[PDB]
Amino acid sequence: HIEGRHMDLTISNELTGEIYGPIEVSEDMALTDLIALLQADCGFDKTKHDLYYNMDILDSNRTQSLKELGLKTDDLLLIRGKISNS
(Lines give C-alpha, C1' and ligand atoms only; values in the text may rest on other atoms or scores of the structure.)
Protein backbone atom coordinates (compact mmCIF):
# COMPACT_ATOMS: atom_id res chain seq x y z
CA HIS A 1 0.00 0.00 0.00
CA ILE A 2 2.97 2.31 0.49
CA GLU A 3 4.43 3.91 -2.63
CA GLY A 4 7.29 6.38 -3.00
CA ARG A 5 10.92 7.06 -3.95
CA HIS A 6 11.94 5.00 -0.90
CA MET A 7 11.37 1.28 -1.34
CA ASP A 8 11.97 -1.83 0.73
CA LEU A 9 14.24 -4.35 -1.00
CA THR A 10 14.63 -7.77 0.51
CA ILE A 11 18.06 -9.37 0.60
CA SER A 12 18.70 -13.11 0.86
CA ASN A 13 21.87 -15.19 0.95
CA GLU A 14 21.69 -18.02 -1.59
CA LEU A 15 24.83 -19.41 0.06
CA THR A 16 23.62 -19.74 3.64
CA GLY A 17 19.84 -19.53 3.48
CA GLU A 18 19.97 -16.36 5.60
CA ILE A 19 17.25 -13.79 5.09
CA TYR A 20 18.21 -10.17 5.68
CA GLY A 21 15.68 -7.40 6.13
CA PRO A 22 13.82 -5.49 3.57
CA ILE A 23 16.16 -2.54 3.74
CA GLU A 24 14.74 0.90 3.10
CA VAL A 25 16.63 2.24 0.09
CA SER A 26 15.90 4.81 -2.60
CA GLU A 27 15.42 4.62 -6.36
CA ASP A 28 18.11 7.33 -6.42
CA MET A 29 20.60 5.18 -4.55
CA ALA A 30 23.50 4.12 -6.73
CA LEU A 31 24.10 0.41 -7.31
CA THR A 32 27.56 0.98 -5.93
CA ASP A 33 26.11 2.53 -2.75
CA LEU A 34 23.63 -0.30 -2.30
CA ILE A 35 26.61 -2.66 -2.38
CA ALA A 36 28.46 -0.36 0.01
CA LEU A 37 25.64 -0.97 2.54
CA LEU A 38 25.71 -4.71 1.82
CA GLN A 39 29.43 -4.72 2.62
CA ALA A 40 28.71 -3.37 6.10
CA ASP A 41 25.53 -5.28 7.03
CA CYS A 42 25.47 -8.43 4.88
CA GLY A 43 29.26 -8.74 4.88
CA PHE A 44 29.18 -8.69 1.09
CA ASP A 45 32.48 -8.76 -0.78
CA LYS A 46 32.45 -8.07 -4.52
CA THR A 47 35.59 -10.19 -4.89
CA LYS A 48 34.08 -13.35 -3.35
CA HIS A 49 30.41 -12.82 -4.07
CA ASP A 50 28.06 -11.25 -6.61
CA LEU A 51 24.75 -9.47 -6.20
CA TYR A 52 21.97 -11.02 -8.28
CA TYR A 53 18.71 -9.57 -9.56
CA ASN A 54 16.32 -11.40 -11.91
CA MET A 55 18.79 -14.30 -11.48
CA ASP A 56 21.46 -12.41 -13.47
CA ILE A 57 24.60 -10.64 -12.17
CA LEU A 58 24.56 -6.99 -11.15
CA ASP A 59 28.13 -5.96 -11.97
CA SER A 60 29.62 -4.11 -8.99
CA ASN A 61 31.12 -1.61 -11.46
CA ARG A 62 27.72 -0.28 -12.62
CA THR A 63 27.40 3.32 -11.44
CA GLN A 64 23.71 3.25 -12.35
CA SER A 65 20.90 4.02 -9.90
CA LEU A 66 18.46 1.38 -8.59
CA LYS A 67 15.86 3.23 -10.67
CA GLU A 68 17.73 2.36 -13.88
CA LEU A 69 17.90 -1.30 -12.88
CA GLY A 70 14.12 -1.19 -12.62
CA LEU A 71 14.06 -2.16 -8.94
CA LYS A 72 10.94 -1.72 -6.80
CA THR A 73 9.75 -2.35 -3.20
CA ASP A 74 8.57 -5.84 -4.21
CA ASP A 75 11.94 -7.12 -5.42
CA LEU A 76 14.23 -9.79 -4.02
CA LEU A 77 18.00 -9.52 -4.32
CA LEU A 78 20.24 -12.56 -3.91
CA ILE A 79 23.79 -12.88 -2.61
CA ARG A 80 25.53 -15.66 -4.55
CA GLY A 81 29.11 -16.87 -4.51
CA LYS A 82 31.70 -16.34 -7.22
CA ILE A 83 33.65 -19.32 -5.94
CA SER A 84 32.20 -22.80 -5.38
CA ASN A 85 33.81 -26.04 -4.18
CA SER A 86 31.40 -28.28 -6.12
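Rules used in this analysis
Residues numbered from 1 in each chain as written, not as in the entry; some residues may be left out. Heavy atoms only, no water. Pairing = 2+ DSSP bridges. Helix = DSSP H or I, 4+ residues; strand = E, 2+ residues; numbered from the N terminus. Axes fitted to C-alpha atoms, helices over the stretch in contact; angles between N-to-C directions. Buried < 20%, exposed > 50% of the residue type's maximum accessible area, 1.4 Å probe, protein only. Core = buried A, V, L, I, M, F, W, Y, C linked by side-chain atoms within 4.5 Å. Contact = heavy atoms within 4.5 Å.

In the PDB archive, solution NMR is given as the structure determination method for this entry.

Draft legend 1. Seen up close, the sheet that holds strand β3 (residues 49–53). Taken in spatial order, the five strands line up as β2-β1-β5-β3-β4 in an open sheet, and their pairing is mixed. Both outer strands of the open sheet, β2 (19–26) and β4 (56–58), are each paired with one neighbouring strand and no more. Across the sheet, the mean angle separating the axes of adjacent strands is 40° when strand polarity is ignored. Here six bridges tie strand β1 (residues 6–13) to β2, and the two strands are oriented antiparallel to one another.

Draft legend 2. Main features of unusual backbone geometry. One non-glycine residue, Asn54, lies in positive phi territory at about 55°. Not every positive phi belongs to a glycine, and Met55 is a case in point at roughly 65°. Here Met55 is to be found in the loop between β3 and β4. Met55 gets classed as exposed once you look at its relative accessible area, which sits at 74%.

Draft legend 3. Here's a closer look at the nonpolar core. Counting residues in hydrophobic clusters, the biggest one holds 19 residues, and the most contacted among them are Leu38, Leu51, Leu66, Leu71 and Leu77. Put simply, the parts of the chain that give this core at least two residues each are β1, β2, α1 (31–40), β3, α2 (66–69) and β5 (76–81). Element by element, the count of residues in this core is highest for α1, at four residues. Setting aside anything within four residues of it in sequence, one finds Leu38 in contact with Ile11, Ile23, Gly43, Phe44, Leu51 and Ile79.

Draft legend 4. Summary view of the pairing of β5. Burial along β5 is one-sided: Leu77, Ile79 and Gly81 are buried, while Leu76, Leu78 and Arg80, pointing the other way, are not. In terms of strand pairing, β3 meets β5 through four bridges, oriented antiparallel. Bridging across to β5, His49 finds its partner in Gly81.

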